[PDB]
Amino acid sequence: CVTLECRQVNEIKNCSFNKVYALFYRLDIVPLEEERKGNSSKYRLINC
Amino acid sequence: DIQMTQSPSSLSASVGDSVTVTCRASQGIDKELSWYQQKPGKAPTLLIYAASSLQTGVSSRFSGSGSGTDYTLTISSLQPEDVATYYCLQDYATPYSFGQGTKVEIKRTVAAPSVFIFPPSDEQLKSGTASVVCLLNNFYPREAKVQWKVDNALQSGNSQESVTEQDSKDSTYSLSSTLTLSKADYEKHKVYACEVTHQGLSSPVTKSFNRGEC
Amino acid sequence: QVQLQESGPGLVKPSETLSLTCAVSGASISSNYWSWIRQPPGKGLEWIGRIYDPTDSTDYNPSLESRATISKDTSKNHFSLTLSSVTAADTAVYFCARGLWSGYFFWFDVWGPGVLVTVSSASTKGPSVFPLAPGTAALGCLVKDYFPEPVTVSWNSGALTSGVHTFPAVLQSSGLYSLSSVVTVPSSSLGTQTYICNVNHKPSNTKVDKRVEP
Ligand SMILES: *[C@@H]1O[C@H](CO)[C@@H](O)[C@H](O)[C@H]1NC(C)=O
Ligand code: NA
């Protein structure tokens, strides 16, 4: 299902889905890889 | 990059002492820190992985503390099995950077070395070169002086020393010193001895061989 | 039950490419981080890079300057590393290790034993092993004139471990390594028991057993 690419938004993280960037909540996304603090991390929705 | 600095570089403590290793980052790393144990000759093994959380099977004696930049590893009751170098690692940001290590050794009671001398092989003497090994078996502290006297002539530039790492159970060290000569020089002289000075010995013990003694 | 094993030539001519592979057992390469870590002799730990299959991601330490490549083979469940244009700075013991993760947290929970890779122009040479023949009595096996490291020595194919001190190798003026493996035994046992040392120096494809008798 849809793959997200979130970073901290400067509880909620600023994501991208595949050229549009959508803002999400920490709880409804699920880490696919190790989360990185400064840069981006790839998540996937709790819906799948 | 994030620089990682452990302190101290080295430390010696008595069995049952409490010892703390410090590891300081150059930025806050939000407890993204893991501690590893590396006994001599082995690969490291994990101890603690999120500043605080102890790995299953690891002893309750190992505890992990810290926040921000400053992090500690505390060994509640230093056991003799804990002879190792200990490594911190930050996973806050790639490239993940290790600490430079902290070597932990045991301060134990004085133990006099058992000394042994070994003549060259006849198998080896037919090679044109002869090696004589003088062995200090299980002693502490690591400091020792091993002189070579051939025909009671002190020798210098001739020999090479080697020391084992601290023992896992004994808390002792072993030391090799091998003197290497031609087979021409070896047979041109009579008695070969090594004299061993050590804190555990009243006086320098010497053990010797005479060429063809048996 | 989960274990890792590095395999590869322990000798690489400089300006050429190191190649190692880590075979993995008791776990599938498809679900966690698999990384390489190296450790130059008598120095600390440097993370080389990791690989990860859920997001098909590799990270590299910039210190390798893009000379490092990490390949995954889900077919045989082993992952490999290559390091090009090697120099003596790449002489180190290379560990493969599995990296677990949770949230922002990461750690190496299991490591391979590690393989030493000497970067040198020289060609391999196999050792010659001569005995050190002998209450408590010492005997040993002198393993002289080999290159490169390492040499592994066992006694009675593993049946004898308590009391053995295989010394760290010493490098002679010839650029050849040498070492001794000794053991203390009851002289009760001197007349009854046979004592053989099992020297293994695989960079030269050499295996020799020598009995140390009086
Ligand atoms: C959020 O998402 C996009 C990433 O391209 C970026 O343009 C924007 O500056 C970000 N801003 C905040 C407040 O998160
Ligand atoms: Na992390």
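Method of determination, as given in the entry header: X-ray crystallography; reported resolution: 2.87 Å.

Engineer: Is there a simple way to explain the site of ligand 1 in this structure?
Structural biologist: Residues and elements named next belong to chain A. In the region of ligand 1, the neighbouring residues are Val9, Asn10, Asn14 and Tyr21. Here an oxygen atom of ligand 1 sits 2.4 Å away from a polar atom, N or O, in the side chain of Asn14. When ligand 1 sits alone it has 360 Å² of accessible area, and the protein chains cover 42% of it. When its residues are assigned to classes, the shell around ligand 1 shows two nonpolar, two polar and no charged.

Engineer: Looking at this structure, how should I read the coordination of the sodium ion (ligand 2)?
Structural biologist: As a benchmark, a tetrahedral metal site with four donors has ideal angles of 109.5 degrees, while an octahedral site with six donors has ideal angles of 90 or 180 degrees. Distances from the sodium ion (ligand 2) to its protein donors, namely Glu34(A) (OE), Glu32(B) (OE), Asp91(B) (O), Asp91(B) (OD) and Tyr104(C) (O), fall within the range 2.2 to 2.5 Å. Taken as a pair, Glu32(B) in the loop between β3 (19-25) and β4 (33-38) and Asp91(B) in the loop between β8 (84-90) and β9 (97-98) lie far apart in primary sequence, 59 residues in all. Accessibility classification places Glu32(B) together with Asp91(B) in one group, the buried group.

Engineer: Would you mind going over the pairing of strand β13 (residues 145-150) of chain B with me for this structure?
Structural biologist: On a regular strand, one side chain projects to one face of the sheet and the next to the other, so that they alternate. Residues and elements named next belong to chain B. As defined by bridge partners, β13 adjoins strand β17 (residues 191-197) across six bridges and the pair is classed as antiparallel. Paired with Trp148 across the two strands is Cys194, which belongs to β17. Strand direction decides the pairing type here: β13 and strand β14 (residues 153-155), joined by three bridges, are antiparallel. If you follow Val150 over to β14, its bridge partner there is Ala153.

Engineer: What am I meant to see in the packing of aromatic side chains here?
Structural biologist: The description of an aromatic ring pair rests on the distance of the ring centres and on the angle between the ring planes. Taken as a whole and assessed by the stated rule, the structure comprises 23 aromatic pairs over all chains. When the ring of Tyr96(B) is compared with that of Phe106(C), the centres are 5.2 Å apart and the planes differ by 45°; the resulting orientation is tilted. Of this pair, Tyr96(B) sits in the loop between β8 and β9 while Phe106(C) sits in strand β10 (residues 105-111), each in a different chain. The buried category is assigned to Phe106(C), whose relative accessible area is 0%. Ring centres of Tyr33(C) and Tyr52(C) lie 4.0 Å apart, and the angle between their planes is 20°; this geometry places the pair in the stacked category. Of this pair, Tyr33(C) sits in strand β4 (residues 33-39) while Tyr52(C) is found in strand β5 (residues 46-52), placing the two residues 19 residues apart along the sequence. Each member of the pair, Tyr33(C) as well as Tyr52(C), is classed as buried. Here the aromatic cluster, defined as three or more aromatic residues joined through ring pairs, consists of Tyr36(B), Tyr96(B), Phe98(B), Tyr33(C), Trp47(C), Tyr52(C), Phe95(C), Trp101(C), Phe106(C), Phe108(C) and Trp111(C). Directly above the aromatic system of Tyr33(C) lies the positively charged group of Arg50(C), at a separation of 4.1 Å from the ring centroid.

Engineer: Would you explain the sheet that holds strand β16 (residues 173-182) of chain B in this entry?
Structural biologist: Backbone hydrogen bonds hold the strands of a sheet together, and the pairing may be parallel or antiparallel. All names here are of chain B. Reading across from one edge, β11-β12-β16-β15 is the order of the four strands in this open sheet, with antiparallel pairing throughout. Two strands in the sheet have a free side with no partner beyond their single neighbour: β11 (115-118) and β15 (159-163). Taking the axes of each pair of neighbouring strands and ignoring which way they run, one obtains an average angle of 15° across the sheet. One ladder, built from nine bridges, connects strand β12 (residues 129-139) with β16; its direction is antiparallel. By the bridge assignment for β16, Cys134 is matched with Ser177.

Calculation notes
- Residues numbered from 1 in each chain as written, not as in the entry; some residues may be left out.
- Chains lettered and ligands numbered in written order.
- Heavy atoms only, no water.
- Residues with missing side-chain atoms left out of burial classes, pairs and counts.
- Near = heavy atom within 4 Å.
- Polar contact = N/O pair within 3.5 Å; in protein donor to acceptor, adjacent residues only side chain to side chain.
- Areas by Shrake-Rupley, 256 points an atom, 1.4 Å probe, with all protein chains shown as cover.
- Nonpolar A, V, L, I, M, F, W, Y, C, P; charged D, E, K, R; others polar.
- Donors = N, O, S within 2.8 Å, 3.2 Å for Na, K, Ca; no water.
- Helix = DSSP H or I, 4+ residues; strand = E, 2+ residues; numbered from the N terminus.
- Buried < 20%, exposed > 50% of the residue type's maximum accessible area, 1.4 Å probe, protein only.
- Pairing = 2+ DSSP bridges.
- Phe/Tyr/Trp six-rings, centres within 6.5 Å; stacked < 30°, edge-to-face > 60°.
- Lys NZ or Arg CZ within 6 Å of the ring centre and 35° of its normal.
- Axes fitted to C-alpha atoms, helices over the stretch in contact; angles between N-to-C directions.

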